[PDB]
file data.tsv (TSV, N, CA and C atoms)
chain	number	residue	atom	x	y	z
A	1	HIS	N	0.85	-1.18	0.00
A	1	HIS	CA	0.00	0.00	0.00
A	1	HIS	C	0.89	1.24	0.00
A	2	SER	N	2.17	0.98	-0.28
A	2	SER	CA	3.19	2.01	-0.37
A	2	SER	C	2.96	2.78	-1.66
A	3	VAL	N	3.44	4.01	-1.70
A	3	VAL	CA	3.44	4.79	-2.94
A	3	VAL	C	4.11	3.97	-4.06
A	4	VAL	N	4.61	2.80	-3.71
A	4	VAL	CA	5.30	1.93	-4.65
A	4	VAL	C	4.35	0.94	-5.29
A	5	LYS	N	3.25	0.65	-4.59
A	5	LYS	CA	2.28	-0.36	-5.02
A	5	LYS	C	1.83	-0.23	-6.48
A	6	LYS	N	2.05	0.93	-7.09
A	6	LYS	CA	1.71	1.13	-8.49
A	6	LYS	C	2.70	0.37	-9.38
A	7	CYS	N	3.97	0.47	-9.01
A	7	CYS	CA	5.03	-0.09	-9.83
A	7	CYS	C	4.87	-1.60	-9.89
A	8	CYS	N	4.60	-2.19	-8.74
A	8	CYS	CA	4.22	-3.59	-8.68
A	8	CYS	C	2.86	-3.74	-9.35
A	9	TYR	N	2.60	-2.87	-10.32
A	9	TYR	CA	1.48	-3.03	-11.23
A	9	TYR	C	1.89	-2.74	-12.66
A	10	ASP	N	2.10	-1.47	-13.01
A	10	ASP	CA	2.46	-1.19	-14.41
A	10	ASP	C	3.83	-1.76	-14.76
A	11	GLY	N	4.42	-2.47	-13.80
A	11	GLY	CA	5.56	-3.33	-14.07
A	11	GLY	C	5.13	-4.74	-14.40
A	12	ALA	N	4.01	-5.15	-13.82
A	12	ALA	CA	3.45	-6.46	-14.09
A	12	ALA	C	3.01	-6.52	-15.53
A	13	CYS	N	2.62	-5.38	-16.07
A	13	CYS	CA	2.02	-5.38	-17.40
A	13	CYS	C	2.86	-6.02	-18.52
A	14	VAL	N	2.19	-6.20	-19.66
A	14	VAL	CA	2.66	-6.96	-20.81
A	14	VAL	C	3.82	-6.32	-21.56
A	15	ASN	N	4.69	-7.13	-22.16
A	15	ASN	CA	5.65	-6.60	-23.12
A	15	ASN	C	6.26	-7.59	-24.11
A	16	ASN	N	5.46	-8.01	-25.09
A	16	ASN	CA	5.92	-8.91	-26.13
A	16	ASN	C	7.31	-8.52	-26.63
A	17	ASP	N	7.61	-7.23	-26.55
A	17	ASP	CA	8.77	-6.64	-27.23
A	17	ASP	C	10.05	-6.59	-26.41
A	18	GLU	N	9.96	-6.16	-25.15
A	18	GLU	CA	11.13	-5.90	-24.31
A	18	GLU	C	11.04	-6.48	-22.90
A	19	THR	N	12.20	-6.67	-22.26
A	19	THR	CA	12.26	-7.37	-20.98
A	19	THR	C	12.34	-6.43	-19.80
A	20	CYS	N	11.81	-6.90	-18.67
A	20	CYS	CA	11.70	-6.11	-17.47
A	20	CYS	C	12.97	-5.38	-17.14
A	21	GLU	N	14.02	-6.13	-16.84
A	21	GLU	CA	15.22	-5.53	-16.29
A	21	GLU	C	15.67	-4.31	-17.10
A	22	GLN	N	15.54	-4.37	-18.42
A	22	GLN	CA	15.87	-3.21	-19.25
A	22	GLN	C	14.78	-2.14	-19.20
A	23	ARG	N	13.53	-2.59	-19.22
A	23	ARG	CA	12.37	-1.70	-19.12
A	23	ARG	C	12.58	-0.72	-17.99
A	24	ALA	N	12.92	-1.26	-16.83
A	24	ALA	CA	13.01	-0.47	-15.62
A	24	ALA	C	14.09	0.62	-15.68
A	25	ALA	N	15.15	0.37	-16.44
A	25	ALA	CA	16.21	1.36	-16.57
A	25	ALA	C	15.67	2.75	-16.95
A	26	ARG	N	14.46	2.76	-17.50
A	26	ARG	CA	13.82	3.96	-18.03
A	26	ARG	C	13.14	4.83	-16.96
A	27	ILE	N	13.12	4.35	-15.71
A	27	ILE	CA	12.21	4.89	-14.68
A	27	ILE	C	12.74	5.96	-13.73
A	28	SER	N	12.29	7.20	-13.93
A	28	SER	CA	12.84	8.39	-13.27
A	28	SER	C	12.64	8.46	-11.76
A	29	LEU	N	11.59	7.83	-11.25
A	29	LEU	CA	11.30	7.94	-9.83
A	29	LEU	C	12.28	7.14	-8.95
A	30	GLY	N	11.86	6.81	-7.73
A	30	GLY	CA	12.75	6.26	-6.73
A	30	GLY	C	13.20	4.81	-6.90
A	31	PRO	N	14.47	4.55	-6.57
A	31	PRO	CA	14.92	3.16	-6.50
A	31	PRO	C	14.05	2.44	-5.48
A	32	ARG	N	13.37	3.23	-4.66
A	32	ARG	CA	12.38	2.72	-3.72
A	32	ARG	C	11.36	1.94	-4.53
A	33	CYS	N	11.04	2.47	-5.70
A	33	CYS	CA	10.03	1.88	-6.55
A	33	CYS	C	10.61	0.89	-7.55
A	34	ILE	N	11.77	1.23	-8.12
A	34	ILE	CA	12.41	0.37	-9.11
A	34	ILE	C	12.34	-1.09	-8.69
A	35	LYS	N	12.53	-1.32	-7.39
A	35	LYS	CA	12.45	-2.65	-6.80
A	35	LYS	C	11.14	-3.29	-7.18
A	36	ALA	N	10.08	-2.65	-6.71
A	36	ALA	CA	8.72	-3.11	-6.96
A	36	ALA	C	8.58	-3.42	-8.43
A	37	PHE	N	8.82	-2.40	-9.25
A	37	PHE	CA	8.60	-2.57	-10.69
A	37	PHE	C	9.39	-3.75	-11.27
A	38	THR	N	10.50	-4.10	-10.63
A	38	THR	CA	11.32	-5.19	-11.14
A	38	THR	C	10.77	-6.54	-10.71
A	39	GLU	N	10.61	-6.74	-9.41
A	39	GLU	CA	10.15	-8.05	-8.95
A	39	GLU	C	8.83	-8.41	-9.64
A	40	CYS	N	7.95	-7.42	-9.72
A	40	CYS	CA	6.66	-7.59	-10.37
A	40	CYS	C	6.72	-8.09	-11.82
A	41	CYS	N	7.21	-7.24	-12.73
A	41	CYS	CA	7.42	-7.63	-14.11
A	41	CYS	C	8.05	-9.02	-14.17
A	42	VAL	N	9.12	-9.20	-13.39
A	42	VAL	CA	9.83	-10.47	-13.37
A	42	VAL	C	8.85	-11.64	-13.16
A	43	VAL	N	8.02	-11.56	-12.12
A	43	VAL	CA	7.07	-12.63	-11.81
A	43	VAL	C	5.90	-12.81	-12.78
A	44	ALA	N	5.32	-11.71	-13.24
A	44	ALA	CA	4.26	-11.81	-14.23
A	44	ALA	C	4.78	-12.46	-15.51
A	45	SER	N	6.02	-12.15	-15.88
A	45	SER	CA	6.64	-12.82	-17.02
A	45	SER	C	6.96	-14.28	-16.73
A	46	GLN	N	7.37	-14.57	-15.49
A	46	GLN	CA	7.51	-15.97	-15.07
A	46	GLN	C	6.24	-16.68	-15.46
A	47	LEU	N	5.16	-16.27	-14.82
A	47	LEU	CA	3.87	-16.92	-15.02
A	47	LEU	C	3.34	-16.86	-16.46
A	48	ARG	N	3.84	-15.92	-17.25
A	48	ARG	CA	3.32	-15.73	-18.61
A	48	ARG	C	3.59	-16.90	-19.55
A	49	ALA	N	4.33	-17.89	-19.07
A	49	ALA	CA	4.55	-19.11	-19.82
A	49	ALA	C	3.84	-20.30	-19.17
A	50	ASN	N	2.66	-20.06	-18.58
A	50	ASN	CA	1.87	-21.15	-18.00
A	50	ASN	C	0.33	-21.10	-18.17
A	51	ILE	N	-0.38	-20.15	-17.55
A	51	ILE	CA	-1.85	-20.16	-17.72
A	51	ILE	C	-2.31	-19.85	-19.17
A	52	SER	N	-1.36	-19.73	-20.09
A	52	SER	CA	-1.68	-19.64	-21.51
A	52	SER	C	-0.82	-20.58	-22.36
A	53	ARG	N	-4.07	-17.66	-23.98
A	53	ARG	CA	-5.37	-17.22	-23.48
A	53	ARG	C	-5.57	-17.77	-22.06
A	54	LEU	N	-6.45	-17.11	-21.31
A	54	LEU	CA	-6.84	-17.49	-19.96
A	54	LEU	C	-5.85	-17.18	-18.82
A	55	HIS	N	-5.43	-15.92	-18.69
A	55	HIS	CA	-4.74	-15.48	-17.48
A	55	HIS	C	-5.79	-14.97	-16.53
A	56	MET	N	-5.76	-13.65	-16.34
A	56	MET	CA	-6.76	-12.90	-15.59
A	56	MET	C	-6.10	-12.01	-14.53
A	57	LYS	N	-6.46	-10.73	-14.54
A	57	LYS	CA	-5.80	-9.73	-13.69
A	57	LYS	C	-6.71	-9.05	-12.65
A	58	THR	N	-6.32	-9.17	-11.39
A	58	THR	CA	-6.88	-8.36	-10.31
A	58	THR	C	-6.07	-7.01	-10.25
A	59	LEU	N	-6.72	-5.98	-9.70
A	59	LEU	CA	-6.24	-4.60	-9.79
A	59	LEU	C	-6.01	-3.84	-8.47
A	60	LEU	N	-5.27	-2.75	-8.62
A	60	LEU	CA	-4.99	-1.73	-7.61
A	60	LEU	C	-5.43	-0.38	-8.23
A	61	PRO	N	-5.78	0.62	-7.39
A	61	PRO	CA	-6.70	1.73	-7.69
A	61	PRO	C	-7.36	1.72	-9.06
A	62	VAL	N	-8.31	0.80	-9.29
A	62	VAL	CA	-9.13	0.77	-10.51
A	62	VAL	C	-10.17	1.91	-10.50
A	63	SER	N	-9.67	3.14	-10.36
A	63	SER	CA	-10.46	4.34	-10.05
A	63	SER	C	-10.22	5.53	-11.00
A	64	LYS	N	-10.80	5.50	-12.19
A	64	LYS	CA	-10.79	6.66	-13.08
A	64	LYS	C	-12.18	6.98	-13.63
A	65	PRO	N	-12.51	8.27	-13.68
A	65	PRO	CA	-13.84	8.71	-14.09
A	65	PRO	C	-13.93	8.74	-15.61
A	66	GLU	N	-14.69	7.81	-16.18
A	66	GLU	CA	-14.85	7.75	-17.62
A	66	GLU	C	-16.33	7.60	-17.94
A	67	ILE	N	-16.75	8.17	-19.06
A	67	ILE	CA	-18.07	7.88	-19.59
A	67	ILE	C	-17.95	7.42	-21.03
A	68	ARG	N	-18.50	6.25	-21.32
A	68	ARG	CA	-18.33	5.69	-22.65
A	68	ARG	C	-18.97	6.60	-23.69
A	69	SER	N	-20.12	7.16	-23.35
A	69	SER	CA	-20.89	7.92	-24.33
A	69	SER	C	-20.79	9.42	-24.13
A	70	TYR	N	-20.90	10.16	-25.22
A	70	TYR	CA	-20.87	11.63	-25.20
A	70	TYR	C	-22.28	12.21	-25.05
A	71	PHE	N	-22.38	13.46	-24.61
A	71	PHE	CA	-23.68	14.13	-24.53
A	71	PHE	C	-23.66	15.53	-25.10
A	72	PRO	N	-24.63	15.83	-25.96
A	72	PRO	CA	-24.66	17.02	-26.81
A	72	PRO	C	-24.79	18.34	-26.05
A	73	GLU	N	-24.53	19.42	-26.75
A	73	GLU	CA	-24.93	20.71	-26.27
A	73	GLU	C	-26.45	20.66	-26.23
A	74	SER	N	-27.02	20.90	-25.06
A	74	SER	CA	-28.46	21.06	-24.96
A	74	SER	C	-28.85	22.22	-25.85
A	75	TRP	N	-30.14	22.52	-25.90
A	75	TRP	CA	-30.62	23.64	-26.69
A	75	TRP	C	-31.88	24.09	-26.01
A	76	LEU	N	-32.51	25.11	-26.57
A	76	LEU	CA	-33.71	25.64	-25.96
A	76	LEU	C	-33.40	26.00	-24.52
A	77	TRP	N	-32.37	26.81	-24.35
A	77	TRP	CA	-31.96	27.30	-23.04
A	77	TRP	C	-32.21	28.77	-23.03
A	78	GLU	N	-33.44	29.15	-23.29
A	78	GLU	CA	-33.76	30.56	-23.34
A	78	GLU	C	-34.75	30.88	-22.23
A	79	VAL	N	-34.94	32.18	-22.02
A	79	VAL	CA	-35.84	32.71	-21.02
A	79	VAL	C	-36.76	33.69	-21.75
A	80	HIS	N	-38.04	33.74	-21.38
A	80	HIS	CA	-39.02	34.50	-22.19
A	80	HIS	C	-40.04	35.24	-21.37
A	81	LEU	N	-40.51	36.35	-21.92
A	81	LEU	CA	-41.65	37.04	-21.37
A	81	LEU	C	-42.88	36.42	-21.98
A	82	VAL	N	-43.76	35.90	-21.14
A	82	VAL	CA	-44.88	35.16	-21.67
A	82	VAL	C	-46.20	35.74	-21.24
A	83	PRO	N	-46.90	36.37	-22.19
A	83	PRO	CA	-48.18	37.08	-22.06
A	83	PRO	C	-49.45	36.20	-22.07
A	84	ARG	N	-49.65	35.41	-21.01
A	84	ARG	CA	-50.76	34.45	-20.91
A	84	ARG	C	-50.63	33.31	-21.91
A	85	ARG	N	-50.25	33.67	-23.13
A	85	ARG	CA	-49.91	32.72	-24.17
A	85	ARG	C	-48.90	33.34	-25.11
A	86	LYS	N	-47.79	32.64	-25.27
A	86	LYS	CA	-46.89	32.91	-26.39
A	86	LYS	C	-46.36	31.58	-26.92
A	87	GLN	N	-46.08	31.55	-28.22
A	87	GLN	CA	-45.68	30.31	-28.85
A	87	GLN	C	-44.58	30.60	-29.84
A	88	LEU	N	-43.41	30.03	-29.59
A	88	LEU	CA	-42.31	30.19	-30.52
A	88	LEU	C	-42.10	28.85	-31.23
A	89	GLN	N	-41.62	28.88	-32.46
A	89	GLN	CA	-41.44	27.65	-33.21
A	89	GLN	C	-39.97	27.53	-33.55
A	90	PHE	N	-39.54	26.31	-33.85
A	90	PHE	CA	-38.12	26.07	-34.12
A	90	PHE	C	-37.91	24.56	-34.27
A	91	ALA	N	-36.96	24.18	-35.11
A	91	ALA	CA	-36.79	22.77	-35.47
A	91	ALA	C	-35.86	21.99	-34.53

call {"tool": "encode", "arguments": {"input": "data.tsv", "output": "structure tokens"}}
result
Amino acid sequence: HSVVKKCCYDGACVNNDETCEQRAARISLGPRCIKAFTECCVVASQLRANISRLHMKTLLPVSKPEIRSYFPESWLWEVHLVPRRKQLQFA
């Protein structure tokens, strides 16, 4: 639950292309974290030659605000003086 717990995540992630130990060389933050990011990637890659299709990932802060769908500019946002009856038209 350390500020490091992230690295022991986005280090776990996939890399068909490149290997952990080199991957980590790229990481500006703390050697405090480099550790995490290394052991993690290392182990997920260990396991990546066994439960496979059919792995499956549990998560840490799975918390981002997203909405799949968009919503338009509303319209008919006007204010009117209405004399017992008034009627405006519009498409």

call {"tool": "atom_distance", "arguments": {"input": "data.tsv", "atom1": "CA of residue 35 (chain A)", "atom2": "CA of residue 17 (chain A)"}}
result
21.1 Å

call {"tool": "atom_distance", "arguments": {"input": "data.tsv", "atom1": "atom C of residue 7 (chain A)", "atom2": "CA of residue 52 (chain A)"}}
result
22.4 Å

call {"tool": "select_by_dssp", "arguments": {"input": "data.tsv", "residues": "chain A", "states": "alpha helix (DSSP H)", "output": "PyMOL selection string"}}
result
chain A and resi 7-10+20-24+31-47

call {"tool": "atom_distance", "arguments": {"input": "data.tsv", "atom1": "CA of residue 39 (chain A)", "atom2": "CA of residue 9 (chain A)"}}
result
10.3 Å

call {"tool": "residues_around", "arguments": {"input": "data.tsv", "residues": "region 69-81 of chain A", "least_positions_apart": "5", "cutoff": "12 Å", "atoms": "only C-alpha atoms", "output": "VMD selection string"}}
result
chain A and resid 86 to 91

call {"tool": "residues_around", "arguments": {"input": "data.tsv", "residues": "residue 8 (chain A)", "least_positions_apart": "3", "cutoff": "9 Å", "atoms": "only C-alpha atoms", "output": "list in words"}}
result
residues 4, 5, 11, 12, 33, 35, 36, 37, 38, 39, 40 and 41 of chain A

call {"tool": "residues_around", "arguments": {"input": "data.tsv", "residues": "residue 19 (chain A)", "least_positions_apart": "4", "cutoff": "10 Å", "atoms": "only C-alpha atoms", "output": "number ranges by chain"}}
result
A: 14-15, 23-24, 41-42, 45

call {"tool": "closest_residue", "arguments": {"input": "data.tsv", "among": "A:85, A:48, A:26, A:6", "to": "residue 60 (chain A)", "atoms": "only N, CA and C atoms"}}
result
A:6

call {"tool": "build_atoms", "arguments": {"input": "data.tsv", "residues": "region 2-27 of chain A", "atoms": "N, CA, C and O atoms", "output": "PDB file, keeping the file's coordinate frame"}}
result
ATOM      1  N   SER A   2       2.170   0.980  -0.280  1.00  0.00           N
ATOM      2  CA  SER A   2       3.190   2.010  -0.370  1.00  0.00           C
ATOM      3  C   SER A   2       2.960   2.780  -1.660  1.00  0.00           C
ATOM      4  O   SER A   2       2.350   2.266  -2.597  1.00  0.00           O
ATOM      5  N   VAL A   3       3.440   4.010  -1.700  1.00  0.00           N
ATOM      6  CA  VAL A   3       3.440   4.790  -2.940  1.00  0.00           C
ATOM      7  C   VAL A   3       4.110   3.970  -4.060  1.00  0.00           C
ATOM      8  O   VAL A   3       4.157   4.400  -5.223  1.00  0.00           O
ATOM      9  N   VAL A   4       4.610   2.800  -3.710  1.00  0.00           N
ATOM     10  CA  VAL A   4       5.300   1.930  -4.650  1.00  0.00           C
ATOM     11  C   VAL A   4       4.350   0.940  -5.290  1.00  0.00           C
ATOM     12  O   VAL A   4       4.598   0.440  -6.379  1.00  0.00           O
ATOM     13  N   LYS A   5       3.250   0.650  -4.590  1.00  0.00           N
ATOM     14  CA  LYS A   5       2.280  -0.360  -5.020  1.00  0.00           C
ATOM     15  C   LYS A   5       1.830  -0.230  -6.480  1.00  0.00           C
ATOM     16  O   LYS A   5       1.253  -1.171  -7.041  1.00  0.00           O
ATOM     17  N   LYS A   6       2.050   0.930  -7.090  1.00  0.00           N
ATOM     18  CA  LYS A   6       1.710   1.130  -8.490  1.00  0.00           C
ATOM     19  C   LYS A   6       2.700   0.370  -9.380  1.00  0.00           C
ATOM     20  O   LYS A   6       2.333  -0.292 -10.361  1.00  0.00           O
ATOM     21  N   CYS A   7       3.970   0.470  -9.010  1.00  0.00           N
ATOM     22  CA  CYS A   7       5.030  -0.090  -9.830  1.00  0.00           C
ATOM     23  C   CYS A   7       4.870  -1.600  -9.890  1.00  0.00           C
ATOM     24  O   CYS A   7       4.953  -2.202 -10.964  1.00  0.00           O
ATOM     25  N   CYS A   8       4.600  -2.190  -8.740  1.00  0.00           N
ATOM     26  CA  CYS A   8       4.220  -3.590  -8.680  1.00  0.00           C
ATOM     27  C   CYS A   8       2.860  -3.740  -9.350  1.00  0.00           C
ATOM     28  O   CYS A   8       2.056  -4.595  -8.981  1.00  0.00           O
ATOM     29  N   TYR A   9       2.600  -2.870 -10.320  1.00  0.00           N
ATOM     30  CA  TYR A   9       1.480  -3.030 -11.230  1.00  0.00           C
ATOM     31  C   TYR A   9       1.890  -2.740 -12.660  1.00  0.00           C
ATOM     32  O   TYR A   9       2.000  -3.667 -13.460  1.00  0.00           O
ATOM     33  N   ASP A  10       2.100  -1.470 -13.010  1.00  0.00           N
ATOM     34  CA  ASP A  10       2.460  -1.190 -14.410  1.00  0.00           C
ATOM     35  C   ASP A  10       3.830  -1.760 -14.760  1.00  0.00           C
ATOM     36  O   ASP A  10       4.328  -1.553 -15.865  1.00  0.00           O
ATOM     37  N   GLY A  11       4.420  -2.470 -13.800  1.00  0.00           N
ATOM     38  CA  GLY A  11       5.560  -3.330 -14.070  1.00  0.00           C
ATOM     39  C   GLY A  11       5.130  -4.740 -14.400  1.00  0.00           C
ATOM     40  O   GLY A  11       5.793  -5.456 -15.142  1.00  0.00           O
ATOM     41  N   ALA A  12       4.010  -5.150 -13.820  1.00  0.00           N
ATOM     42  CA  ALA A  12       3.450  -6.460 -14.090  1.00  0.00           C
ATOM     43  C   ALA A  12       3.010  -6.520 -15.530  1.00  0.00           C
ATOM     44  O   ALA A  12       3.019  -7.571 -16.138  1.00  0.00           O
ATOM     45  N   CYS A  13       2.620  -5.380 -16.070  1.00  0.00           N
ATOM     46  CA  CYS A  13       2.020  -5.380 -17.400  1.00  0.00           C
ATOM     47  C   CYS A  13       2.860  -6.020 -18.520  1.00  0.00           C
ATOM     48  O   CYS A  13       4.047  -6.319 -18.369  1.00  0.00           O
ATOM     49  N   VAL A  14       2.190  -6.200 -19.660  1.00  0.00           N
ATOM     50  CA  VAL A  14       2.660  -6.960 -20.810  1.00  0.00           C
ATOM     51  C   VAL A  14       3.820  -6.320 -21.560  1.00  0.00           C
ATOM     52  O   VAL A  14       3.917  -5.099 -21.624  1.00  0.00           O
ATOM     53  N   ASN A  15       4.690  -7.130 -22.160  1.00  0.00           N
ATOM     54  CA  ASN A  15       5.650  -6.600 -23.120  1.00  0.00           C
ATOM     55  C   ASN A  15       6.260  -7.590 -24.110  1.00  0.00           C
ATOM     56  O   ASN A  15       7.424  -7.959 -23.997  1.00  0.00           O
ATOM     57  N   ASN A  16       5.460  -8.010 -25.090  1.00  0.00           N
ATOM     58  CA  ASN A  16       5.920  -8.910 -26.130  1.00  0.00           C
ATOM     59  C   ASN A  16       7.310  -8.520 -26.630  1.00  0.00           C
ATOM     60  O   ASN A  16       8.076  -9.382 -27.061  1.00  0.00           O
ATOM     61  N   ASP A  17       7.610  -7.230 -26.550  1.00  0.00           N
ATOM     62  CA  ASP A  17       8.770  -6.640 -27.230  1.00  0.00           C
ATOM     63  C   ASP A  17      10.050  -6.590 -26.410  1.00  0.00           C
ATOM     64  O   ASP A  17      11.116  -6.941 -26.915  1.00  0.00           O
ATOM     65  N   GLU A  18       9.960  -6.160 -25.150  1.00  0.00           N
ATOM     66  CA  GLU A  18      11.130  -5.900 -24.310  1.00  0.00           C
ATOM     67  C   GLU A  18      11.040  -6.480 -22.900  1.00  0.00           C
ATOM     68  O   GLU A  18       9.956  -6.752 -22.396  1.00  0.00           O
ATOM     69  N   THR A  19      12.200  -6.670 -22.260  1.00  0.00           N
ATOM     70  CA  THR A  19      12.260  -7.370 -20.980  1.00  0.00           C
ATOM     71  C   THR A  19      12.340  -6.430 -19.800  1.00  0.00           C
ATOM     72  O   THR A  19      12.912  -5.351 -19.884  1.00  0.00           O
ATOM     73  N   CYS A  20      11.810  -6.900 -18.670  1.00  0.00           N
ATOM     74  CA  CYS A  20      11.700  -6.110 -17.470  1.00  0.00           C
ATOM     75  C   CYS A  20      12.970  -5.380 -17.140  1.00  0.00           C
ATOM     76  O   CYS A  20      13.021  -4.150 -17.156  1.00  0.00           O
ATOM     77  N   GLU A  21      14.020  -6.130 -16.840  1.00  0.00           N
ATOM     78  CA  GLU A  21      15.220  -5.530 -16.290  1.00  0.00           C
ATOM     79  C   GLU A  21      15.670  -4.310 -17.100  1.00  0.00           C
ATOM     80  O   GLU A  21      16.119  -3.310 -16.534  1.00  0.00           O
ATOM     81  N   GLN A  22      15.540  -4.370 -18.420  1.00  0.00           N
ATOM     82  CA  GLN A  22      15.870  -3.210 -19.250  1.00  0.00           C
ATOM     83  C   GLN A  22      14.780  -2.140 -19.200  1.00  0.00           C
ATOM     84  O   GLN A  22      15.062  -0.952 -19.120  1.00  0.00           O
ATOM     85  N   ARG A  23      13.530  -2.590 -19.220  1.00  0.00           N
ATOM     86  CA  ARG A  23      12.370  -1.700 -19.120  1.00  0.00           C
ATOM     87  C   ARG A  23      12.580  -0.720 -17.990  1.00  0.00           C
ATOM     88  O   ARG A  23      12.452   0.490 -18.150  1.00  0.00           O
ATOM     89  N   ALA A  24      12.920  -1.260 -16.830  1.00  0.00           N
ATOM     90  CA  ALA A  24      13.010  -0.470 -15.620  1.00  0.00           C
ATOM     91  C   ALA A  24      14.090   0.620 -15.680  1.00  0.00           C
ATOM     92  O   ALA A  24      13.961   1.664 -15.028  1.00  0.00           O
ATOM     93  N   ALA A  25      15.150   0.370 -16.440  1.00  0.00           N
ATOM     94  CA  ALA A  25      16.210   1.360 -16.570  1.00  0.00           C
ATOM     95  C   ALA A  25      15.670   2.750 -16.950  1.00  0.00           C
ATOM     96  O   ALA A  25      16.317   3.786 -16.724  1.00  0.00           O
ATOM     97  N   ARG A  26      14.460   2.760 -17.500  1.00  0.00           N
ATOM     98  CA  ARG A  26      13.820   3.960 -18.030  1.00  0.00           C
ATOM     99  C   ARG A  26      13.140   4.830 -16.960  1.00  0.00           C
ATOM    100  O   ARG A  26      12.637   5.911 -17.276  1.00  0.00           O
ATOM    101  N   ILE A  27      13.120   4.350 -15.710  1.00  0.00           N
ATOM    102  CA  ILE A  27      12.210   4.890 -14.680  1.00  0.00           C
ATOM    103  C   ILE A  27      12.740   5.960 -13.730  1.00  0.00           C
ATOM    104  O   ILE A  27      13.493   5.652 -12.803  1.00  0.00           O
TER     105      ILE A  27
END
